[PDB]
Amino acid sequence: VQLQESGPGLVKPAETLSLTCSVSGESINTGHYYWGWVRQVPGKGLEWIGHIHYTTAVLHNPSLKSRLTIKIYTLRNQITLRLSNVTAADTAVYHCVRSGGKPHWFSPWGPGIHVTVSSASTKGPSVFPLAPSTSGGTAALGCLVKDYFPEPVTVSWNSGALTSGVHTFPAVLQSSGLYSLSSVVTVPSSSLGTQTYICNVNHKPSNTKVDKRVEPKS
Amino acid sequence: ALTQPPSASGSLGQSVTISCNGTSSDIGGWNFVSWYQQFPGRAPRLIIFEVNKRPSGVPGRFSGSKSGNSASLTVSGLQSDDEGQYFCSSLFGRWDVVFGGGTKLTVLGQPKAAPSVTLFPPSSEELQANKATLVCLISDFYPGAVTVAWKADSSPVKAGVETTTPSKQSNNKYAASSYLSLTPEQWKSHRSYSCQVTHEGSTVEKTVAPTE
Ligand SMILES: *[C@@H]1O[C@H](CO)[C@@H](O)[C@H](O)[C@H]1NC(C)=O
Ligand SMILES: *[C@@H]1O[C@H](CO)[C@@H](O)[C@H](O)[C@H]1NC(C)=O
């Protein structure tokens, strides 16, 4: 019913990539569903890594097959993907997958986890406030998330209690190679003096969480 | 792998067809061809699992067909929602699944929407990191194409600019952002800075000054 992917977001070149998938809403035991991994790469479309089902029936993608190891744990409800001799060509968003039927169609898909393949070091973001630039009865205020690596960051407002009028912009790669993005929320102007707005920035690759309160300039 | 066109387009209410071409062993040989929908920033979603057939959620506007080695996906009565990237999948042998390169589908009859531009000066907290960033946020516009130019006083700035490619958003319109990086000194050494966003021959300019 629902799928989740976990594992490191950064891998150094020539090192092995390990990822785990946890399935909820379904047994991992049924006649017959294979369970699996598919990936998406920048500058190209989807590439099927392959799927495994118990006891040990597996399918592997050619070229990939030599590096690639895949194991299924039925007891935990967890599946694991391993890929060796990782090269920049393996930088990709990896999706957990349920195969259906030998299977030919994939659903549902896990949200996916980014993996960047680089020798560069990890760096948490610097978060700076953007003070409220008004439309009558509505002001925009936000957070600037600068110089982080690698992707992604997530942003919420007031611990998730704010969803109306929230927009988070796509990140920018820079000449430095550090990413930056910003997130903004539209709020009633009358509320600025009485209500406190806090953006919650999460960056899993560096295990950084930053909660920045944004104050109106005086 | 499988071959599909890089892009395709149609008007609202109208029909669009995109194709997936394969080797005798891939599409001509076996019945199974799946089709997937991916909105940007989201995981793909299954639209077809067997060349004709449809999953329980999927709308009837989506239909599949096959002829020899070629597979076709047809979207009938286009909606702004349908604008996205579409992929096709077929079996290569007992041992393999193969994916098409993907097709970018735009709906081509849609109303123009002017961008909303918000410009932010460097925060005080930032300016004593010894850094300075001007932030130009552009939202709620269609078509998804803009030009961004920066001005120091009346003269153009090229050095510090970084600009995103525009991308689709939940409301079905487009957002983009542009950043100008400065040292605190050059920030303080000018009267004002400006962000100009040009969209469909019309421009919006916002200005910020260190004195604010
Ligand atoms: C591992 O990948 C690297 C990438 O440069 C390549 O040079 C090397 O030949 C690969 N190793 C083997 C045993 O193929
Ligand atoms: C695929 O092959 C079909 C055969 O009917 C052709 O008509 C179509 O234009 C082709 N498309 C591509 C992208 O090769």
# chains A, B, ... in the order shown; residues from 1 in each chain; ligands from 1
$ interface_residues --of "chain B" --to "chain A" --cutoff "7 Å" --atoms "only C-alpha atoms" --output "ChimeraX atom specification"
/B:32,34,43-44,46,49,91,95-99,101-102,118,120,123,125-126,162-164,175-176
$ residues_near_ligand --ligand "ligand 1" --cutoff "12 Å" --atoms "only C-alpha atoms and all ligand atoms" --output "PyMOL selection string"
chain A and resi 12-16+63-64+66-67+83-90+117
$ write_last_selection --atoms "C-alpha atoms" --output "short mmCIF file (atom, residue, chain, number, x, y, z; two decimals), in the first residue's frame"
data_model
loop_
_atom_site.label_atom_id
_atom_site.label_comp_id
_atom_site.auth_asym_id
_atom_site.auth_seq_id
_atom_site.Cartn_x
_atom_site.Cartn_y
_atom_site.Cartn_z
CA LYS A 12 32.06 8.64 -2.47
CA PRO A 13 33.23 7.30 -5.86
CA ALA A 14 34.41 3.64 -6.01
CA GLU A 15 32.50 2.93 -2.79
CA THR A 16 29.39 0.74 -2.41
CA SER A 63 25.75 -4.19 -16.98
CA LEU A 64 24.22 -3.33 -13.60
CA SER A 66 27.71 -7.47 -12.11
CA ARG A 67 28.02 -4.73 -9.48
CA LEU A 83 25.66 -1.38 -5.68
CA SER A 84 29.48 -1.56 -5.91
CA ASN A 85 32.15 0.50 -7.75
CA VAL A 86 29.69 3.35 -7.75
CA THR A 87 30.50 5.97 -10.36
CA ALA A 88 29.13 9.42 -11.10
CA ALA A 89 26.88 7.71 -13.66
CA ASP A 90 25.03 6.23 -10.67
CA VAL A 117 27.82 10.36 -6.18
#
$ closest_atom_pairs --of "chain B" --to "ligand 2" --cutoff "7 Å" --atoms "only C-alpha atoms and all ligand atoms" --output "JSON lines"
{"residue": "B:3", "atom": "CA", "partner": "ligand 2", "partner_atom_place_in_ligand_line": "13 (C)", "distance": 5.6}
{"residue": "B:4", "atom": "CA", "partner": "ligand 2", "partner_atom_place_in_ligand_line": "13 (C)", "distance": 4.4}
{"residue": "B:5", "atom": "CA", "partner": "ligand 2", "partner_atom_place_in_ligand_line": "13 (C)", "distance": 4.5}
{"residue": "B:19", "atom": "CA", "partner": "ligand 2", "partner_atom_place_in_ligand_line": "11 (N)", "distance": 5.6}
{"residue": "B:20", "atom": "CA", "partner": "ligand 2", "partner_atom_place_in_ligand_line": "1 (C)", "distance": 6.3}
{"residue": "B:21", "atom": "CA", "partner": "ligand 2", "partner_atom_place_in_ligand_line": "1 (C)", "distance": 4.8}
{"residue": "B:70", "atom": "CA", "partner": "ligand 2", "partner_atom_place_in_ligand_line": "2 (O)", "distance": 5.4}
$ select_by_dssp --residues "segment 89-164 of chain A" --states "strand (DSSP E)" --output "PyMOL selection string"
chain A and resi 92-100+105-109+113-117+126-130+134-135+138-148+154-157
$ write_last_selection --atoms "C-alpha atoms" --output "CSV table (one decimal), in the first residue's frame"
chain,number,residue,atom,x,y,z
A,92,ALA,CA,20.2,9.2,-9.3
A,93,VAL,CA,16.8,9.3,-7.4
A,94,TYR,CA,16.2,5.7,-6.3
A,95,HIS,CA,12.6,4.5,-5.9
A,96,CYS,CA,11.3,1.4,-4.1
A,97,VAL,CA,8.8,-0.4,-6.2
A,98,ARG,CA,6.1,-3.1,-6.1
A,99,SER,CA,6.1,-5.3,-9.3
A,100,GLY,CA,2.8,-6.8,-10.5
A,105,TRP,CA,4.0,-3.2,-14.4
A,106,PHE,CA,5.1,-1.2,-11.3
A,107,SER,CA,2.8,0.2,-8.6
A,108,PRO,CA,2.8,1.8,-6.2
A,109,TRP,CA,6.0,3.7,-6.2
A,113,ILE,CA,15.5,9.0,-2.1
A,114,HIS,CA,18.2,11.2,-3.8
A,115,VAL,CA,21.7,9.8,-4.0
A,116,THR,CA,24.5,12.0,-5.2
A,117,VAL,CA,27.8,10.4,-6.2
A,126,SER,CA,23.0,28.5,6.5
A,127,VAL,CA,19.4,29.7,7.1
A,128,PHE,CA,18.7,33.4,7.0
A,129,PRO,CA,15.3,35.1,7.5
A,130,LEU,CA,13.5,37.0,4.8
A,134,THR,CA,3.1,43.2,0.7
A,135,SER,CA,-0.3,42.8,-1.0
A,138,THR,CA,-1.5,39.5,2.8
A,139,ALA,CA,2.3,39.6,3.3
A,140,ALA,CA,5.0,37.2,2.1
A,141,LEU,CA,7.8,36.2,4.5
A,142,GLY,CA,10.3,33.4,4.2
A,143,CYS,CA,13.6,31.6,4.8
A,144,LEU,CA,16.8,31.6,2.6
A,145,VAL,CA,18.5,28.2,2.7
A,146,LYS,CA,22.1,28.8,1.4
A,147,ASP,CA,25.1,26.6,0.5
A,148,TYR,CA,24.1,23.1,1.4
A,154,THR,CA,12.7,19.8,3.4
A,155,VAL,CA,10.9,22.9,4.7
A,156,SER,CA,7.8,23.2,6.8
A,157,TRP,CA,6.3,26.1,8.8
$ closest_residue --among "B:103, B:76, B:67, B:89" --to "residue 18 of chain B" --atoms "only C-alpha atoms"
B:103
$ atom_distance --atom1 "atom CA of residue 10 of chain B" --atom2 "atom CA of residue 37 of chain B"
16.5 Å
$ closest_residue --among "B:151, B:54, B:66, B:94" --to "residue 25 of chain B" --atoms "only C-alpha atoms"
B:94
$ closest_residue --among "B:31, B:90, B:154, B:167" --to "residue 192 of chain B" --atoms "only C-alpha atoms"
B:154
$ residues_around --residues "residue 111 of chain B" --least-positions-apart "2" --cutoff "8 Å" --atoms "only C-alpha atoms" --output "PyMOL selection string"
chain B and resi 109+113+142
$ write_last_selection --atoms "N, CA and C atoms" --output "PDB file, in the first residue's frame"
ATOM      1  N   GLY B 109      -3.192  25.045 -25.162  1.00  0.00           N
ATOM      2  CA  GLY B 109      -4.204  26.072 -25.036  1.00  0.00           C
ATOM      3  C   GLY B 109      -4.363  26.350 -23.560  1.00  0.00           C
ATOM      4  N   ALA B 113      -0.524  34.111 -17.617  1.00  0.00           N
ATOM      5  CA  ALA B 113      -0.605  34.598 -16.252  1.00  0.00           C
ATOM      6  C   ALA B 113       0.661  35.370 -15.949  1.00  0.00           C
ATOM      7  N   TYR B 142       2.447  31.786 -16.345  1.00  0.00           N
ATOM      8  CA  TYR B 142       2.330  30.885 -17.487  1.00  0.00           C
ATOM      9  C   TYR B 142       2.320  31.705 -18.776  1.00  0.00           C
TER      10      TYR B 142
END
$ select_by_dssp --residues "chain A" --states "alpha helix (DSSP H)" --output "short mmCIF file (atom, residue, chain, number, x, y, z; two decimals) with N, CA, C and O atoms, in the first residue's frame"
data_model
loop_
_atom_site.label_atom_id
_atom_site.label_comp_id
_atom_site.auth_asym_id
_atom_site.auth_seq_id
_atom_site.Cartn_x
_atom_site.Cartn_y
_atom_site.Cartn_z
N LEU A 64 24.47 -3.54 -15.02
CA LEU A 64 24.22 -3.33 -13.60
C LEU A 64 24.42 -4.61 -12.79
O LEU A 64 24.91 -4.57 -11.67
N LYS A 65 24.03 -5.74 -13.38
CA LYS A 65 23.97 -7.02 -12.69
C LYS A 65 25.28 -7.40 -11.99
O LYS A 65 25.27 -7.93 -10.88
N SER A 66 26.40 -7.11 -12.64
CA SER A 66 27.71 -7.47 -12.11
C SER A 66 28.05 -6.79 -10.79
O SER A 66 28.49 -7.45 -9.84
N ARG A 67 27.85 -5.48 -10.72
CA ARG A 67 28.02 -4.73 -9.48
C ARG A 67 26.94 -5.03 -8.44
O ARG A 67 27.21 -5.09 -7.24
#
